[PDB]
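Worksheet: one structure, shown below.
Labels A, B, C, D, E and F are assigned to the chains in the order they are written; within every chain, residues are numbered from 1.
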Amino acid sequence: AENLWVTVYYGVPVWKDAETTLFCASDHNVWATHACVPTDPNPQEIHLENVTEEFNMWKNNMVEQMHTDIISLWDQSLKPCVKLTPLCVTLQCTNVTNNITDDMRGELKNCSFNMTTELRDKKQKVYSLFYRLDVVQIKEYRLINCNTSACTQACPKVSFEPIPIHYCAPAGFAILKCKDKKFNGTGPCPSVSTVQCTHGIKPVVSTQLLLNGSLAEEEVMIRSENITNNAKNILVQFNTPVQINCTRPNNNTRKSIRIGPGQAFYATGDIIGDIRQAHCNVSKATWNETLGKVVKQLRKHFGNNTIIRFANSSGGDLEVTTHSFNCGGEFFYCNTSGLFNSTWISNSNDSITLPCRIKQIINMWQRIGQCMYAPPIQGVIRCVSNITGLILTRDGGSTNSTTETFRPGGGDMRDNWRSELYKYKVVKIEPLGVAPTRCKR
Amino acid sequence: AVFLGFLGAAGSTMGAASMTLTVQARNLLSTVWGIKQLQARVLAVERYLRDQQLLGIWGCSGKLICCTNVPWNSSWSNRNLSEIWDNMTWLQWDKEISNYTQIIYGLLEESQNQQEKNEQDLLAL
Amino acid sequence: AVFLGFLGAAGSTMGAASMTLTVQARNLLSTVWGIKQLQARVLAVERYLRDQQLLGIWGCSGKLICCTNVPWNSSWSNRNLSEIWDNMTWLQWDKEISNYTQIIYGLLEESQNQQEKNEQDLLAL
Amino acid sequence: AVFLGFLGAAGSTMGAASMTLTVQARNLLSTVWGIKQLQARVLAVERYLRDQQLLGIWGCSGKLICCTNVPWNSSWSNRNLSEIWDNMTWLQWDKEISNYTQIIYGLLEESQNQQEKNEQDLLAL
Amino acid sequence: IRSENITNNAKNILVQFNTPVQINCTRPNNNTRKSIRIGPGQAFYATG
Amino acid sequence: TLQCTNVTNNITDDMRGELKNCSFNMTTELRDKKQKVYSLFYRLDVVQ
């Protein structure tokens, strides 16, 4: 009666979850755009009507791909640069006692040492200024990295400024984007679209605070893989940014020492004028309003009558314990203790100042045996940035106490990438299909 | 909005979605980063050739809609055309039938050769 | 001399040049230097597959001289066959009509599907 | 044992071996080691495309057993069908007639275009 | 027994057994290893 | 330039002269300093 027969359809709109390799799309720098494809001036997006798709931000392979690509680019950028192997020599250092304040005493050391020259059978005595965090006593000191591995110097021509990069999937695949606001990164998104490439993502490297990120379109958002468990981090996304102004006011001076044939080491000659600590400024009223919004949102998940406490970081390495970032080539590590210090109970122009330090020997990624010696920057430096999110961790959390204490977190760079690719996923099309149909061959 | 285009017919019914197969068909083909791009292009070409070979083996070469001689077994599915071609989406049908895939492929493959043999025998006379 | 072969008919008329399409059809497919050679081969394969797909979508699969159902619009060209197929070369025609290429392709693509649908409807009876 | 499968019909006669062309047809497509694997993969696609183009040019596109118009010359082979299709293997026939391969290819190529031209002429009326 | 040309002496002869023969090798000295730092992140291992 | 001597600590007749106790200077993590070290080498690895 039915008298149906099989029929083959090519081009059926069906997709399945899959993993593949994405490629560049972009408009001297570490994030090499030379080997990256140009971006189309008029990107195209196709909203899918009446299509709901499952999303999970904590199982995205795009984050792993981005991390691997960033690490590979960082390794590639440092290949054609001088190696500071001869620098491992016995230094003779003294305290700097020229126009310093009460907080920067002992932070700088004036060191002298012998060094090689262009000729193989000649030596030269030179001097430099080093930071206390870079020299360890062996009146004799040595670089901290000498007993770990000989490591290189970043070339002065390249720039560390992040550049937006778009990721594009190959032919036969598609990228699905969730346009549903208030989506918390896990569950069924009912508003979906197909995009050839993602939006510009700045690979900003920072810990304890998301800088120059994206803002929520509705209100403060809280995301966590398992909010009940304290071992999983909590990502907070602001709906409005907070301006933070950081500056190093020391007038540094750069000099070049020839350590071999066509090899120069850049040292800090001397500081002109006064010597003062670098510091950052954050608005107080804006920070208070942002924390009010954050605690308001947190009350939804952790009870209505609970007490919400913000305190200092537990401890560990300086990178994880302190807000670490870089501006203009100078690597700042700062003590965000005045911000996350308050308690909240259910019921003008002063600015919070963070005095903080600079480092030159850098281990950016969680790796052992490779440095990155940042050459000094000439003149005073300053910058302004947007705080648009936080990474928080719950301490303890047992049922014995009704008070919840949240502390700053960070360390792993995958969290920074996960905050931008939470609304994206990749699928592969399956054009072939079989159906029943009346006609017969 | 660009609601209609490429995969815009995903949420529509199978009958409505059957009118826009060409938009899906067109896009199936199209220093460290270059290696990844080349690998992806190689994989895409291999997948396209695999799909074309599978289509050609069944005798529906160069056709988007090609119904054949193999009858439909009622065991695989019981729903009638009334509640399928205008009361269901392609994704739902694929999800329901994804278990029963290879048997129909084998049936098509073994059916095509018999037709070829019969055509040769008829032309022999 | 080897006057005839591959592109030897480039200077001849379209009528004479249409007799030797196969010679052009055949040749379309076939440590640091090896990388360049592999890249060139990949690009050539991609171009060949693109051309084959474009031919297949219009229903002229496996044919060198295939006419179709889309009629010719007089606006695109006004010259008659008398002064075209024996008073013009392929290069001149391509130069003249390079502007109006995509519209004919779209018309062919949308025309093929209607024929396929009508054939399915006829075979349904 | 898996006697029947892929190349299991190599020792059988041509008549018996012609019943299982599909199993051979299917398998034709599918840090330092990765480079070698990629180089190997690049060649298989080229070989498959060359074979497909050679088949399509003769007009037997999308067919496993396709007869043509060119007659058989007695000079190339004198044995009759009685002692060929059931008293000989494909390897033996290929070994015997490996010398006279290209001429039939050229004849098929030149014959297909005449049929295409004639079909165009008949459809012109 | 296998050989490319058994008559010629310049070609080796490969003999394949039917059953294996157990051979037990041993170094009984109790060695000790010590690391000497020859540079930044570079160690040479020596028999102490 | 290694300075080597014969080892004569609990050896048999067949292992006399097989091992040489060799001392030498070597670099260290710092390019300024040097360190005197020693090790044991095999007779097949050292040539006068």
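In the analysis below, a residue touches a chain if its C-beta (ideal position, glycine included) is under 8 Å from a C-beta of that chain, and two chains touch if they have at least 3 such contacts.
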{"item": "Interchain contact steps from chain D to chain F (minimum; 1 if touching)", "value": "3"}
{"item": "Which of A-C and A-E has more C-beta pairs touching across its chains", "value": "A-E"}
{"item": "Of all other chains, the one whose Cα centre sits farthest from chain F", "value": "C"}
{"item": "Distance from the mean Cα position of chain C to that of chain B, given in whole angstrom", "value": "26"}
{"item": "Inter-chain centre distance, chain B versus chain E - centres from mean C-alpha coordinates, in Å", "value": "58"}
{"item": "Junction residues of chain C, two or more chains touched", "value": "42, 45, 49, 61-62, 120, 123"}
{"item": "Shared interface positions of chain E, touching two or more other chains", "value": "37, 39-40"}
{"item": "Full enumeration of touching chain pairs", "value": "A-B, A-C, A-E, A-F, B-C, B-D, C-D, E-F"}
{"item": "Residues on chain B engaged by chain C in the complex (per definition of touch)", "value": "19, 21-22, 25-26, 29-30, 38, 41-42, 45, 48, 61-65, 67"}
{"item": "Residue numbers on chain C that touch chain B, as the complex places them", "value": "39, 42, 45-46, 49-50, 53, 56-57, 59, 61-62, 109, 113, 116-117, 120, 123"}
{"item": "Residue numbers on chain A that touch chain E, as the complex places them", "value": "85, 88, 145-150, 369"}
{"item": "Chain E-touching residues of chain F, taken from the complex the two chains share", "value": "26-29, 35, 37, 39-41"}
{"item": "Touch list for chain B against partner chain A, complex", "value": "1-3, 5-12, 14, 17-18, 20-25, 27-34, 36-37, 39-41, 43-44, 47-48, 51, 54-55, 58-60, 63-72, 74, 77, 80-81, 84, 90-91, 93-94, 97, 101, 104, 107-108, 115"}
